[PDB]
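Next up: just one chain, as structure tokens, the form deposited without its partner chain.
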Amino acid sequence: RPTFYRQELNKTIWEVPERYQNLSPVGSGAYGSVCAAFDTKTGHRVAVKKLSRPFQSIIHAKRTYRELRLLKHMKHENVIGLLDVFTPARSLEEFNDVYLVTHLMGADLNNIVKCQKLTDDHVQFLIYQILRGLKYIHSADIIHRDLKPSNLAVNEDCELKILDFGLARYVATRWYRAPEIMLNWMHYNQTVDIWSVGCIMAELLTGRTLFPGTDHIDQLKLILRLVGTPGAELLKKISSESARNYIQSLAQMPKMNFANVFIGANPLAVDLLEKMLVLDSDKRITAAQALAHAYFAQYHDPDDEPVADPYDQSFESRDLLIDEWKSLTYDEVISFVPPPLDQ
């Protein structure tokens, strides 16, 4: 066990290993309770997140377990990874705080698009990286579901990682959400995330939110204005009578020609957008397919777009007591094997 030191920061007690020095809060709460720190083992800046009331309820406890499991799994260049996880507790009995350590990222994409509209080259490279991380996540049967520009972090070298910062103690998730999981939430696949990548890529190209809806209905209306109302073939895959009635209640709208909307953009980018922003989720391009798209010719390397190890999601179906989820989380803290150092 390493030696821990104690301090207080912005309404909260941090007890961390001496390994981590010069803690300073970041984001004014925006990211959670998170400090930048210097990691003396590596000589690098890191981020240290203290989970908020991780075992307050069964729901918090399972969420805690879930986040730890997911972070321990992710081993890929374009996905946040886990550098360390610790608790000052010496036993399960005393276990009540969970701290996570990741790389410290430079800025989010929300900050970057709000600052400047990007070059077509920067768009190629950023979207390629998103898709490469998504091929990986999706290969483990993990769906992000919350993709938006504030959940993507980029450094000065333009290397990107996918994360999920979660709630706030503003960019609406709804603006980037697939129509199929806008009303019903039964019939959806991993390509909900590809819909979000299309919305993000549009905004990077244009500097404007593609579908800035006020609510779920308005959101749907903005969407169908671009992609058109569902034709007979998609209508007959909608089980929800109320959704089908709602859709069919609208004055029918044609699909726009995306070249008339994204006027002046690279045509290969326009063609990719058409393949991502398809209403029918069975017809939407997958991440693996998208990487082989001609828009990514300068980056795509089929020998360097790896899949994930399998991920055991079987816990998701379980209904357990708080002390059980806590003990499982403790197990995962104990079994953690830190990553290779040499960067």
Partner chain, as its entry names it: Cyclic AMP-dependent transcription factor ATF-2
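Each form is matched to the other, and the largest set of C-alpha atoms that superpose within 1.5 Å is called the rigid core. Positions refer to the first chain, counted from 1.
Peer 1: In at least a third of the other entries we lined up, does residue 168 end up with no coordinates?
Peer 2: Yes, residue 168 lacks coordinates in at least a third of the other entries compared.
Peer 1: Residues without coordinates, deposited sequence, stretch from residue 169 to residue 170: is the count none, 1 to 3, 4 to 9, or 10 or more?
Peer 2: According to the record, 4 to 9 deposited residues lack coordinates from residue 169 to residue 170.
Peer 1: Would you mind comparing 195 to 203 and 239 to 247 for me and telling me which has the higher average C-alpha temperature factor in the entry?
Peer 2: The stretch with the larger mean CA B-factor is 239 to 247.
Peer 1: So 154 to 162 or 250 to 258, which one's hotter by mean CA B-factor in the entry?
Peer 2: That would be 250 to 258.
Peer 1: Just to confirm, going by the entry's C-alpha B-factors, which of 139, 129, 219, 184 comes out highest?
Peer 2: In this record, 184 carries the highest C-alpha B-factor of the candidates.
Peer 1: Per the coordinate record, which of the options 226, 79, 118, 83 holds the highest CA temperature factor?
Peer 2: So the option with the highest C-alpha B-factor is 118.
Peer 1: What third of its chain's C-alpha B-factors does residue 149 belong to: lowest, middle or highest?
Peer 2: CA B-factor rank for residue 149: lowest third.
Peer 1: Going by the CA temperature factor in the PDB record, which third of the chain does residue 176 belong to: lowest, middle or highest?
Peer 2: Bottom third by C-alpha B-factor.
Peer 1: What third of its chain, lowest, middle or highest, does the C-alpha temperature factor of residue 308 fall into?
Peer 2: Residue 308: CA B-factor falls in the lowest third of its chain.
Peer 1: Lowest, middle or highest third: where is residue 329 by Cα B-factor in its chain?
Peer 2: According to the entry, residue 329 has a C-alpha B-factor in the chain's lowest third.
Peer 1: Would you mind checking where the Cα B-factor of residue 102 ranks among the modelled residues of its chain, as the lowest, middle or highest third?
Peer 2: Ranked within chain, residue 102 CA B lands in the lowest tercile.
Keep in mind the form solved in complex with its partner chain is missing from the figure; the text below concerns it.
Peer 1: Heavy atom to heavy atom, is residue 251 within 4.5 Å of its partner chain in the deposited complex?
Peer 2: Flag for residue 251 set to no.
Peer 1: Do residue 122 and its partner chain share at least one heavy atom pair within 4.5 Å in the deposited complex?
Peer 2: Heavy-atom contact with its partner chain at 4.5 Å: present for residue 122.
Peer 1: Given that its partner chain is not shown alongside this chain, does residue 118 nevertheless sit within 4.5 Å of it in the deposited complex, heavy atom to heavy atom?
Peer 2: Because a heavy atom of residue 118 falls inside 4.5 Å of its partner chain in the deposited complex, the answer is yes.
Peer 1: Classify residue 158 as contacting or not contacting its partner chain in the deposited complex by the rule of any non-hydrogen atom within 4.5 angstroms, answering yes or no.
Peer 2: Taking the distances in the deposited complex, the answer for residue 158 is yes, it comes within 4.5 Å of its partner chain.
Peer 1: Just one stretch in 135 to 143, 84 to 92, 148 to 156, 189 to 197 has heavy atoms within 4.5 Å of its partner chain in the deposited complex, so which one is it?
Peer 2: Going through the listed ranges, the match is 148 to 156.
Peer 1: Pick from 80, 223, 112, 101: which has a non-hydrogen atom within 4.5 Å of its partner chain in the deposited complex?
Peer 2: In short, 112.
Peer 1: Pick from 91, 239, 257, 249: whose Cα moves by 2 Å or more between this form and the one not shown, rigid core superposed?
Peer 2: Meeting the 2 Å or more criterion is only 239.
Peer 1: With both forms fitted on the core, give yes or no for whether the Cα of residue 29 moves by 2 angstroms or more between this form and the one not shown.
Peer 2: For residue 29, whose C-alpha is compared between this form and the one not shown after core superposition, the shift is 2 Å or more.
Peer 1: Would the C-alpha of residue 145 be classed as shifted by 2 Å or more between this form and the one not shown after rigid-core alignment?
Peer 2: Shift at residue 145: below 2 Å after core fit.
Peer 1: Residue 122: CA shift of at least 2 Å between this form and the one not shown after core fit?
Peer 2: Superposed on the core, residue 122 moves its C-alpha less than 2 Å between this form and the one not shown.
Peer 1: Relative to the form shown here, do the C-alpha atoms of residue 332 and residue 31 sit closer together or farther apart in the deposited complex, given a change of 3 Å or more?
Peer 2: Distance between the C-alphas of residue 332 and residue 31: shorter in the deposited complex, by 3 Å or more.
Peer 1: Between residue 30 and residue 54, do the C-alpha atoms lie closer or farther in the deposited complex than in the shown form, with a difference of 3 angstroms or more?
Peer 2: Note: Cα gap between residue 30 and residue 54 shrinks in the deposited complex.
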